[PDB]
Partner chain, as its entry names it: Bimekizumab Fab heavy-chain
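Presented as structure tokens, the chain that follows is alone, the form deposited without its partner chain.
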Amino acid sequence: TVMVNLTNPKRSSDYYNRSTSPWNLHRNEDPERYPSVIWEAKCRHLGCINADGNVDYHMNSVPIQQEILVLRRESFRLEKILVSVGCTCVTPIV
């Protein structure tokens, strides 16, 4: 137990819309948490968008996750959580 003294690009980025594996954000709010609001990505399609603007289901939209530090009120407890931050397009086999 220690004493701790206490700009988001998602407010302006457009990759979620122009990606071949686009996504949308879901608001995760917790007033018992710092940060109080985090935004999690959910891939928009199963497959990926091809050059004709159609979903190619052989390719796979998958979410990229990042482990982040959060504070949970207890005075706080330091914890780690897994957040989906965007999606990428993968081939199922090389």
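Positions refer to the first chain, counted from 1. What we label the rigid core is the largest C-alpha set whose atoms superpose within 1.5 Å from one form to the other.
Fitting on the rigid core only, I'd like to know which of the two stretches, 48-56 or 31-39, ends up farther away in Cα terms in 7 other deposited structures of this protein.
Once the core is superposed, the stretch further away in 7 other deposited structures of this protein is 31-39.
Compared with other deposited entries of this protein, is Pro9 missing coordinates in at least a third of those that cover its neighbours?
yes, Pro9 frequently unmodelled elsewhere, at least a third of entries.
Quick check on the record: how many residues from the deposited sequence are absent from the model between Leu6 and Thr7 (none, 1 to 3, 4 to 9, 10 or more)?
Gap between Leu6 and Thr7: 4 to 9 residues without coordinates.
Select one of none, 1 to 3, 4 to 9, or 10 or more to describe the deposited residues without coordinates separating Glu74 and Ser75.
According to the record, 4 to 9 deposited residues lack coordinates from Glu74 to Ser75.
Between 52-60 and 28-36, name whichever shows the higher mean Cα B factor according to the PDB entry.
The stretch with the larger average C-alpha B-factor is 28-36.
On mean C-alpha B-factor from the PDB entry, just flag whether 76-84 or 14-22 is the higher one.
Averaging CA B-factors over each stretch, the winner is 76-84.
What third of its chain's C-alpha B-factors does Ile93 belong to: lowest, middle or highest?
Within its chain, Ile93 is a middle-third residue by C-alpha B-factor, going by the deposited values.
One more form of this protein exists, namely the form solved in complex with its partner chain; it is left out here, but the text below deals with it.
Give, in sequence order, every residue of 20-45 that has a heavy atom within 4.5 Å of its partner chain in the entry with it bound, or say none if there are no such residues.
Heavy-atom contacts within 4.5 Å come from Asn24, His26, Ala41, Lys42, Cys43, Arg44, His45.
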